[PDB]
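Trainee: Before anything else, here's the structure in question.
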Amino acid sequence: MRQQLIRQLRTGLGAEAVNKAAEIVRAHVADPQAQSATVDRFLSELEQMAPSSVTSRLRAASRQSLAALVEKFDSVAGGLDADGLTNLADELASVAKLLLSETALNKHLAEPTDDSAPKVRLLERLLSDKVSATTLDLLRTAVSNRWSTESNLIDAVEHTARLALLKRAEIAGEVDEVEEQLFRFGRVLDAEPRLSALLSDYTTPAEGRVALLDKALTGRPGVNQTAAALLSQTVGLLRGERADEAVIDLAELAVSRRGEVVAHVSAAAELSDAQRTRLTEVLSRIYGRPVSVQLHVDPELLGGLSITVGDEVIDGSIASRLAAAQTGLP
Amino acid sequence: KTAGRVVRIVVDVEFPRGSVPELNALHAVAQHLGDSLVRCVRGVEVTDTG
Amino acid sequence: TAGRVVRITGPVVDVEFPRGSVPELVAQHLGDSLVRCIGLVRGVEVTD
Amino acid sequence: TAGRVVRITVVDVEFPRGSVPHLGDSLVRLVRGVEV
Amino acid sequence: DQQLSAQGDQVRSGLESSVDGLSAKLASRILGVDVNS
Amino acid sequence: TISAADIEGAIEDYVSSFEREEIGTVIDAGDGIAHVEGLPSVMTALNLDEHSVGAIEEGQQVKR
Amino acid sequence: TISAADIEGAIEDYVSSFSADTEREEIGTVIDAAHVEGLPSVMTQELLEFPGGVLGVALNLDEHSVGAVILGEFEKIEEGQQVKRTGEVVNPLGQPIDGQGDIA
Amino acid sequence: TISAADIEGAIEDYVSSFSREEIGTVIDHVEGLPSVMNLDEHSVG
């Protein structure tokens, strides 16, 4: 019974002490100098941290076929001009919506078969002249391979379209602009679930949803044209994915094309340019391959950073330290 | 807002992401089925006490 | 040419192999290059 | 206007829309494809 | 237990004085740089 | 991408395209029951449907 | 007699020993309830930590998710929570329930 | 560049753009009848 009382004393003292510590932390970190110092200390820890040695949904057939199709696009899209790329993307999106609309045609174009000649003949007879030669070649390559499910087919086509647009963005040299715009649109779509839900409903006609997107946040004066086109094309062909998740996938793919990895860094406040460069360098060193850092701002962190790449998270948030202290009591 | 709507009728109720009631009383929660659905006229608004 | 564990349901283990390397009866061929063989981690290499 | 066998389990036959003599999608519950 | 309860009520008041030091040290630890407060 | 009713003819052409022998492919096989994709002309192979034929190693060629 | 010296020391040592160093960690998300997406390297029968100190064990593993059996206070589990992997395979956990104290 | 109110203009404009008696069709189960009193998002038992 004595030790029972002692334990009650321990829990009470710990709870009050940790509450006082939390108040002290909150008071001390309100100063922006405190925020910057916390971020700098966490970055130091990050340099001290050891490096990490280490389209998933696609199965074997779909994944291999998509690899073949992306290789084919890389081959064909070598010297195509920017206007040609805008075209090619347009025809690819049109064909994707065609396949989606014509369920029977997609079905017949889906089943794997040892001989690809009948499928190629079918495509040529269908749209030999309705689209340019490069589109014909890409679609022929896409149908030649096998797909685990018919859906993957259209996915592959859609992928190519996105790639094409990204390519012209690269030709424009504004890859950074389009990536930033795509991430911002993903943020606002996630923040406004109603807009995503109204856009993420294929049942309604696609033209109306595209017009809604254009008028709401995509026809704005200060929006990169390539990003707007990519987002409108994505929503137009949308199959049932959440619009915000679709935009996040677009941004992730855009960064992937540059060979980098997206790192979602959550901070209490915005970071300095020097801090941003240091963070990018340390994250690249830890993960090896270069990483592009996207800043979320959340006051509840109280300081530090909460980085996350892939399925891995480095939680330096001060609030996390406070929670650990709360749960670490005897 | 943050009010769900009946989807299937045991009644399945679909809530906005980030507003799913905890495993709660609703007015027109047994399981979280994912995609912000929970299991407890289709489309009637549903509110959570919290 | 070596498979990788895809599902671990107690003793049952679904393993995925490359296209032309599926082992022969591995208690069952689930199709799509998967087989259902009878502290494991998904993705660990499996050798035929 | 003539149906065709799709599954032979019981036989399922698909018919042109508006010609269904009923599993939906115009199906109704030997070589597959023979016209009915 | 009444003697024990009285001891508890006395010691909790006695130790309330030192909570400032413990909380300050804990904040010092979970900030990396010591906080004087 | 205007698509007229040519599709309906085209599919028919495709449907007719598939003198050469009809070879199926085992898609899965367990518990003594196999499924074969292909063999569009196979006679009633217990269960037949638009996907496969319910009659060994995956990928084997199956004679009609 | 309950000397306040030990009373204060039992917390002073903990405070002086608290060091929650940021550890590079692999997480997942509860998709329904619990099934957890992510945790690619989770071992079969691994111990998982859900928010609120809840504990689960990973039994069913597949390409989509991880089925985890919660070892108590399942009512605290919500879709979207973050699940951490402990990396390792009196109540059955060894925690005393009588209340007589701790155990070595 | 984001107002968060022009979004409202667009969304309610579209909702108004949508706006008759509701008629269901037999699928095998009735599709449609969104306001009908075994109900699920696909069809009606």
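Chains: A, B, ... in order of the structure tokens. Residues: from 1 per chain. Ligands: from 1, in order shown.
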Which residues of chain A come within 12 Å of chain B, and for each one, what is the closest pair of atoms and their distance in Å to one decimal, counting only C-alpha atoms, sorted by chain and residue number, as a Markdown table?

Mentor:
| residue | atom | partner | partner_atom | distance |
| --- | --- | --- | --- | --- |
| A:189 | CA | B:17 | CA | 11.9 |
| A:190 | CA | B:17 | CA | 9.1 |
| A:191 | CA | B:17 | CA | 9.9 |
| A:192 | CA | B:17 | CA | 10.0 |
| A:193 | CA | B:16 | CA | 7.0 |
| A:194 | CA | B:16 | CA | 8.1 |
| A:195 | CA | B:16 | CA | 11.5 |
| A:196 | CA | B:16 | CA | 10.7 |
| A:197 | CA | B:16 | CA | 9.1 |
| A:240 | CA | B:35 | CA | 12.0 |
| A:241 | CA | B:35 | CA | 10.9 |
| A:242 | CA | B:35 | CA | 9.9 |
| A:244 | CA | B:17 | CA | 11.4 |

Trainee: Which residues of chain C sit at most 12 Å from region 84-104 of chain G, using only C-alpha atoms? Give each one's shortest atom pair and distance in Å (one decimal place), in chain and ascending residue order, as JSON lines.

Mentor:
{"residue": "C:39", "atom": "CA", "partner": "G:89", "partner_atom": "CA", "distance": 6.9}
{"residue": "C:40", "atom": "CA", "partner": "G:89", "partner_atom": "CA", "distance": 10.3}
{"residue": "C:41", "atom": "CA", "partner": "G:87", "partner_atom": "CA", "distance": 11.2}

Trainee: Would you export the selected residues with N, CA and C atoms as a PDB file, in the first residue's frame, please?

Mentor:
ATOM      1  N   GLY C  39       8.871 -14.977 -38.767  1.00  0.00           N
ATOM      2  CA  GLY C  39       9.697 -13.803 -38.971  1.00  0.00           C
ATOM      3  C   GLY C  39      10.001 -13.537 -40.432  1.00  0.00           C
ATOM      4  N   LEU C  40       9.188 -14.105 -41.317  1.00  0.00           N
ATOM      5  CA  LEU C  40       9.377 -13.906 -42.745  1.00  0.00           C
ATOM      6  C   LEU C  40       8.965 -12.495 -43.145  1.00  0.00           C
ATOM      7  N   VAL C  41       9.567 -12.003 -44.223  1.00  0.00           N
ATOM      8  CA  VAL C  41       9.345 -10.649 -44.711  1.00  0.00           C
ATOM      9  C   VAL C  41       8.925 -10.728 -46.170  1.00  0.00           C
TER      10      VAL C  41
END

Trainee: Considering only C-alpha atoms, return as a PyMOL selection string whatever protein or nucleic-acid residues lie within 12 Å of region 28-42 of chain H, sequence-local ones (same chain, fewer than 4 positions apart) excluded.

Mentor: (chain B and resi 5-14+41-44) or (chain D and resi 20+22-29) or (chain H and resi 20-24)

Trainee: Set the cut-off to 12 Å and count only C-alpha atoms: what are the residues of chain F that reach chain D? Output as a VMD selection string.

Mentor: chain F and resid 15 to 16 38 to 55

Trainee: Work out how far CA of residue 259 (chain A) is from CA of residue 290 (chain A), in Å to one decimal.

Mentor: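 Separating CA of residue 290 (chain A) from CA of residue 259 (chain A) is a distance of 7.5 Å.
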
Trainee: Give me, as a PyMOL selection string, all polymer residues having an atom no more than 12 Å from residue 278 (chain A), counting only C-alpha atoms and skipping those fewer than 6 positions away in the same chain.

Mentor: chain A and resi 39-44+46-47+271-272+284-285+291+293

Trainee: Using C-alpha atoms, can you write the selected residues to a file as a compact mmCIF listing (two decimals), in the first residue's frame?

Mentor:
# COMPACT_ATOMS: atom_id res chain seq x y z
CA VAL A 39 15.94 23.27 -37.12
CA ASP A 40 19.71 23.75 -37.20
CA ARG A 41 20.24 21.28 -34.37
CA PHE A 42 18.02 18.71 -36.07
CA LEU A 43 19.92 19.20 -39.32
CA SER A 44 23.16 18.61 -37.41
CA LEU A 46 20.82 14.53 -39.70
CA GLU A 47 24.42 14.87 -40.87
CA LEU A 271 12.91 27.54 -43.76
CA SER A 272 15.78 29.76 -44.86
CA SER A 284 20.42 13.26 -50.63
CA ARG A 285 23.45 11.96 -48.73
CA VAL A 291 15.84 14.48 -53.52
CA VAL A 293 12.08 18.80 -50.86

Trainee: Once DSSP has gone over the backbone, tell me which residues of chain C are in strand (DSSP E), as a list in words.

Mentor: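 Result set for chain C (strand (DSSP E)): residues 3, 4, 5, 6, 7, 8, 9, 12, 13, 14, 15, 16, 29, 30, 31, 34, 35, 36, 37, 45 and 46 of chain C.
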
Trainee: Can I get the selected residues back with N, CA, C and O atoms, as a short mmCIF file (atom, residue, chain, number, x, y, z; two decimals), in the first residue's frame?

Mentor:
data_model
loop_
_atom_site.label_atom_id
_atom_site.label_comp_id
_atom_site.auth_asym_id
_atom_site.auth_seq_id
_atom_site.Cartn_x
_atom_site.Cartn_y
_atom_site.Cartn_z
N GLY C 3 12.30 -16.15 -57.34
CA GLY C 3 11.06 -15.56 -56.90
C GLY C 3 11.23 -14.70 -55.67
O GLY C 3 12.31 -14.57 -55.11
N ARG C 4 10.12 -14.09 -55.26
CA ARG C 4 10.10 -13.25 -54.08
C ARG C 4 8.77 -13.44 -53.37
O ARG C 4 7.72 -13.47 -54.00
N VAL C 5 8.83 -13.56 -52.04
CA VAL C 5 7.62 -13.78 -51.27
C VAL C 5 6.68 -12.59 -51.44
O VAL C 5 7.10 -11.43 -51.37
N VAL C 6 5.40 -12.89 -51.66
CA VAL C 6 4.39 -11.86 -51.86
C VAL C 6 3.35 -11.86 -50.75
O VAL C 6 2.93 -10.79 -50.30
N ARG C 7 2.93 -13.03 -50.29
CA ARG C 7 1.99 -13.12 -49.18
C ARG C 7 2.45 -14.17 -48.20
O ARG C 7 2.93 -15.23 -48.60
N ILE C 8 2.28 -13.89 -46.91
CA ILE C 8 2.54 -14.86 -45.86
C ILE C 8 1.26 -14.95 -45.04
O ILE C 8 0.96 -14.04 -44.26
N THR C 9 0.51 -16.02 -45.21
CA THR C 9 -0.68 -16.30 -44.42
C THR C 9 -0.37 -17.56 -43.62
O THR C 9 -0.64 -18.68 -44.08
N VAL C 12 0.93 -20.87 -45.23
CA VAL C 12 0.82 -20.63 -46.67
C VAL C 12 1.66 -19.43 -47.05
O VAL C 12 1.70 -18.42 -46.34
N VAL C 13 2.35 -19.53 -48.18
CA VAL C 13 3.21 -18.45 -48.66
C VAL C 13 3.04 -18.34 -50.16
O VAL C 13 3.39 -19.27 -50.90
N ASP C 14 2.50 -17.23 -50.63
CA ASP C 14 2.39 -16.97 -52.05
C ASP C 14 3.65 -16.28 -52.53
O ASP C 14 4.00 -15.21 -52.03
N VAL C 15 4.31 -16.89 -53.51
CA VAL C 15 5.60 -16.46 -54.03
C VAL C 15 5.43 -16.13 -55.50
O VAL C 15 4.75 -16.85 -56.23
N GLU C 16 6.07 -15.05 -55.94
CA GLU C 16 5.98 -14.60 -57.33
C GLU C 16 7.32 -14.81 -58.02
O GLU C 16 8.36 -14.40 -57.49
N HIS C 29 -0.56 -23.43 -58.46
CA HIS C 29 -0.24 -22.33 -59.37
C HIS C 29 -1.43 -21.39 -59.37
O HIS C 29 -2.49 -21.73 -59.90
N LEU C 30 -1.26 -20.22 -58.77
CA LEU C 30 -2.36 -19.27 -58.72
C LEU C 30 -2.50 -18.49 -60.02
O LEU C 30 -3.46 -17.72 -60.15
N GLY C 31 -1.58 -18.66 -60.96
CA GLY C 31 -1.61 -17.89 -62.18
C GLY C 31 -1.01 -16.51 -61.99
O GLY C 31 -0.86 -16.00 -60.89
N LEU C 34 2.38 -16.47 -60.03
CA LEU C 34 2.38 -16.74 -58.60
C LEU C 34 2.18 -18.23 -58.35
O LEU C 34 1.53 -18.92 -59.12
N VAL C 35 2.77 -18.70 -57.26
CA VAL C 35 2.54 -20.05 -56.77
C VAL C 35 2.24 -19.94 -55.29
O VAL C 35 2.61 -18.97 -54.62
N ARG C 36 1.55 -20.95 -54.77
CA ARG C 36 1.13 -20.97 -53.37
C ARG C 36 1.86 -22.12 -52.68
O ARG C 36 1.38 -23.25 -52.67
N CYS C 37 3.02 -21.82 -52.12
CA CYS C 37 3.79 -22.80 -51.37
C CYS C 37 3.20 -22.99 -49.98
O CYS C 37 2.47 -22.14 -49.47
N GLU C 45 13.95 -12.95 -51.36
CA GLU C 45 14.16 -13.81 -52.51
C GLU C 45 13.83 -15.26 -52.17
O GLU C 45 14.13 -15.74 -51.08
N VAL C 46 13.21 -15.95 -53.12
CA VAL C 46 12.91 -17.37 -53.02
C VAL C 46 13.56 -18.06 -54.20
O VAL C 46 13.36 -17.65 -55.35
#

Trainee: Based on only C-alpha atoms, which of the residues in chain A come within 10 Å of chain H? I want them as a PyMOL selection string.

Mentor: chain A and resi 184-185+188+192+194-195+198-199+204+208-209+211-218+220-223

Trainee: Provide the CA of residue 207 (chain A) to CA of residue 142 (chain A) distance in Å, to one decimal place.

Mentor: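 Here the two named atoms are 26.6 Å from each other.
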
Trainee: Quick one: which residues from chain G are at most 8 Å off chain B, using only C-alpha atoms, as JSON, numbers by chain?

Mentor: {"G": [31, 32, 33, 75, 76, 77, 78, 79]}

Trainee: Since we have the selection now, will you write its residues out, keeping N, CA and C atoms, as a short mmCIF file (atom, residue, chain, number, x, y, z; two decimals), in the first residue's frame?

Mentor:
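Here's the written file result_13.cif:
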data_model
loop_
_atom_site.label_atom_id
_atom_site.label_comp_id
_atom_site.auth_asym_id
_atom_site.auth_seq_id
_atom_site.Cartn_x
_atom_site.Cartn_y
_atom_site.Cartn_z
N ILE G 31 -5.68 1.28 -42.75
CA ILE G 31 -6.57 1.47 -43.89
C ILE G 31 -7.99 1.08 -43.52
N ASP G 32 -8.14 0.15 -42.58
CA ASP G 32 -9.46 -0.16 -42.06
C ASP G 32 -9.30 -0.89 -40.74
N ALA G 33 -10.39 -0.95 -40.00
CA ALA G 33 -10.39 -1.59 -38.70
C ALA G 33 -11.81 -1.98 -38.30
N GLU G 75 -10.45 0.16 -29.34
CA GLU G 75 -11.33 1.29 -29.63
C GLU G 75 -10.56 2.55 -30.00
N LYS G 76 -9.28 2.62 -29.64
CA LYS G 76 -8.47 3.79 -29.97
C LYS G 76 -7.96 3.77 -31.40
N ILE G 77 -8.09 2.65 -32.11
CA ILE G 77 -7.59 2.54 -33.47
C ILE G 77 -8.56 3.22 -34.42
N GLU G 78 -8.03 4.06 -35.30
CA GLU G 78 -8.83 4.77 -36.29
C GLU G 78 -8.16 4.65 -37.65
N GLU G 79 -8.98 4.64 -38.69
CA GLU G 79 -8.45 4.70 -40.04
C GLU G 79 -7.59 5.95 -40.20
#

Trainee: Between CA of residue 19 (chain F) and CA of residue 65 (chain A), what is the distance, to one decimal in Å?

Mentor: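 Taking CA of residue 19 (chain F) and CA of residue 65 (chain A), their separation equals 29.6 Å.
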
Trainee: Would you list which chain G residues are within 10 Å of chain E using only C-alpha atoms, as a PDB file with N, CA and C atoms, in the first residue's frame?

Mentor:
ATOM      1  N   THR G   1       7.254   6.579   6.940  1.00  0.00           N
ATOM      2  CA  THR G   1       7.922   7.797   6.499  1.00  0.00           C
ATOM      3  C   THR G   1       8.301   7.694   5.025  1.00  0.00           C
ATOM      4  N   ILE G   2       7.771   8.614   4.221  1.00  0.00           N
ATOM      5  CA  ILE G   2       8.076   8.664   2.796  1.00  0.00           C
ATOM      6  C   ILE G   2       8.961   9.871   2.531  1.00  0.00           C
ATOM      7  N   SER G   3      10.274   9.667   2.571  1.00  0.00           N
ATOM      8  CA  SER G   3      11.199  10.760   2.317  1.00  0.00           C
ATOM      9  C   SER G   3      10.995  11.297   0.908  1.00  0.00           C
ATOM     10  N   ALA G   4      10.864  12.619   0.797  1.00  0.00           N
ATOM     11  CA  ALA G   4      10.711  13.238  -0.512  1.00  0.00           C
ATOM     12  C   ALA G   4      11.965  13.110  -1.363  1.00  0.00           C
ATOM     13  N   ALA G   5      13.096  12.718  -0.774  1.00  0.00           N
ATOM     14  CA  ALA G   5      14.321  12.587  -1.554  1.00  0.00           C
ATOM     15  C   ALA G   5      14.155  11.553  -2.660  1.00  0.00           C
ATOM     16  N   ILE G   7      11.294  10.333  -3.643  1.00  0.00           N
ATOM     17  CA  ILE G   7      10.136  10.756  -4.424  1.00  0.00           C
ATOM     18  C   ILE G   7      10.575  11.639  -5.582  1.00  0.00           C
ATOM     19  N   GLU G   8      11.450  12.603  -5.306  1.00  0.00           N
ATOM     20  CA  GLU G   8      11.933  13.487  -6.358  1.00  0.00           C
ATOM     21  C   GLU G   8      12.971  12.802  -7.233  1.00  0.00           C
ATOM     22  N   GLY G   9      13.804  11.935  -6.653  1.00  0.00           N
ATOM     23  CA  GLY G   9      14.848  11.298  -7.434  1.00  0.00           C
ATOM     24  C   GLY G   9      14.296  10.392  -8.515  1.00  0.00           C
ATOM     25  N   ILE G  11      11.981  10.790 -10.428  1.00  0.00           N
ATOM     26  CA  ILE G  11      11.704  11.564 -11.623  1.00  0.00           C
ATOM     27  C   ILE G  11      12.924  12.343 -12.097  1.00  0.00           C
ATOM     28  N   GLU G  12      13.804  12.757 -11.187  1.00  0.00           N
ATOM     29  CA  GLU G  12      15.007  13.470 -11.590  1.00  0.00           C
ATOM     30  C   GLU G  12      15.887  12.595 -12.470  1.00  0.00           C
ATOM     31  N   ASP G  13      16.048  11.321 -12.102  1.00  0.00           N
ATOM     32  CA  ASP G  13      16.872  10.430 -12.913  1.00  0.00           C
ATOM     33  C   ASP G  13      16.271  10.261 -14.301  1.00  0.00           C
ATOM     34  N   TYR G  14      14.949  10.094 -14.374  1.00  0.00           N
ATOM     35  CA  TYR G  14      14.299   9.941 -15.669  1.00  0.00           C
ATOM     36  C   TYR G  14      14.491  11.181 -16.528  1.00  0.00           C
ATOM     37  N   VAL G  15      14.309  12.363 -15.939  1.00  0.00           N
ATOM     38  CA  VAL G  15      14.477  13.597 -16.698  1.00  0.00           C
ATOM     39  C   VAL G  15      15.912  13.726 -17.185  1.00  0.00           C
ATOM     40  N   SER G  16      16.879  13.445 -16.313  1.00  0.00           N
ATOM     41  CA  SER G  16      18.278  13.527 -16.706  1.00  0.00           C
ATOM     42  C   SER G  16      18.663  12.441 -17.700  1.00  0.00           C
ATOM     43  N   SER G  17      17.852  11.393 -17.830  1.00  0.00           N
ATOM     44  CA  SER G  17      18.135  10.305 -18.753  1.00  0.00           C
ATOM     45  C   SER G  17      17.282  10.352 -20.011  1.00  0.00           C
ATOM     46  N   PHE G  18      16.292  11.236 -20.077  1.00  0.00           N
ATOM     47  CA  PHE G  18      15.431  11.294 -21.248  1.00  0.00           C
ATOM     48  C   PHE G  18      16.229  11.728 -22.466  1.00  0.00           C
ATOM     49  N   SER G  19      16.243  10.879 -23.492  1.00  0.00           N
ATOM     50  CA  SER G  19      16.926  11.194 -24.748  1.00  0.00           C
ATOM     51  C   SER G  19      16.151  10.493 -25.864  1.00  0.00           C
ATOM     52  N   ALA G  20      15.225  11.225 -26.474  1.00  0.00           N
ATOM     53  CA  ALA G  20      14.390  10.684 -27.543  1.00  0.00           C
ATOM     54  C   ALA G  20      15.000  11.046 -28.895  1.00  0.00           C
ATOM     55  N   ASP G  21      16.155  10.443 -29.162  1.00  0.00           N
ATOM     56  CA  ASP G  21      16.867  10.730 -30.398  1.00  0.00           C
ATOM     57  C   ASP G  21      16.039  10.302 -31.601  1.00  0.00           C
TER      58      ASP G  21
END

Trainee: Let me make sure I understand: among C:21, C:28, C:1, C:33, which one has the smallest atom-to-atom distance to chain A if we use only C-alpha atoms?

Mentor: C:33

Trainee: What's around residue 317 (chain A) at 7 Å? Count only C-alpha atoms, leave out sequence neighbours fewer than 2 positions away in its own chain, and write the answer as a PyMOL selection string.

Mentor: chain A and resi 301+303-306+315+319-321

Trainee: Only residues of chain F matter here; which ones have an atom within 9 Å of chain C, counting only C-alpha atoms? Give them as a list in words.

Mentor: residues 26, 27, 28, 29, 30, 31, 56, 57, 58 and 59 of chain F

Trainee: Write out the residues from the selection above, keeping N, CA, C and O atoms, as a short mmCIF file (atom, residue, chain, number, x, y, z; two decimals), in the first residue's frame.

Mentor:
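Everything below was put into result-v3.cif:
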data_model
loop_
_atom_site.label_atom_id
_atom_site.label_comp_id
_atom_site.auth_asym_id
_atom_site.auth_seq_id
_atom_site.Cartn_x
_atom_site.Cartn_y
_atom_site.Cartn_z
N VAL F 26 -2.15 -22.56 -70.35
CA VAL F 26 -2.59 -22.76 -68.98
C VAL F 26 -2.32 -21.49 -68.19
O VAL F 26 -1.21 -20.95 -68.21
N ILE F 27 -3.34 -21.00 -67.48
CA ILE F 27 -3.23 -19.75 -66.75
C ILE F 27 -3.05 -20.04 -65.26
O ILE F 27 -2.37 -19.30 -64.55
N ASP F 28 -3.66 -21.12 -64.78
CA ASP F 28 -3.39 -21.59 -63.43
C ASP F 28 -3.75 -23.06 -63.36
O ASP F 28 -4.44 -23.59 -64.24
N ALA F 29 -3.27 -23.72 -62.32
CA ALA F 29 -3.49 -25.16 -62.20
C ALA F 29 -3.27 -25.57 -60.76
O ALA F 29 -2.16 -25.46 -60.24
N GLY F 30 -4.33 -26.05 -60.11
CA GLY F 30 -4.21 -26.52 -58.75
C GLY F 30 -5.32 -27.50 -58.43
O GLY F 30 -6.43 -27.39 -58.94
N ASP F 31 -5.00 -28.46 -57.56
CA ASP F 31 -5.98 -29.44 -57.10
C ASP F 31 -6.56 -30.24 -58.25
O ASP F 31 -7.74 -30.63 -58.23
N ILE F 56 1.02 -30.56 -64.88
CA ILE F 56 0.56 -29.31 -65.44
C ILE F 56 1.35 -28.16 -64.83
O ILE F 56 1.74 -28.22 -63.66
N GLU F 57 1.58 -27.12 -65.61
CA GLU F 57 2.37 -25.99 -65.17
C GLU F 57 1.92 -24.76 -65.94
O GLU F 57 1.66 -24.83 -67.14
N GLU F 58 1.83 -23.63 -65.25
CA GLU F 58 1.37 -22.41 -65.88
C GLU F 58 2.24 -22.08 -67.08
O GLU F 58 3.47 -22.22 -67.03
N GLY F 59 1.61 -21.63 -68.16
CA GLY F 59 2.30 -21.28 -69.37
C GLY F 59 2.42 -22.39 -70.39
O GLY F 59 2.85 -22.13 -71.52
#

Trainee: Where does DSSP see alpha helix (DSSP H) in chain F, if you list the residues as number ranges by chain?

Mentor: F: 6-17
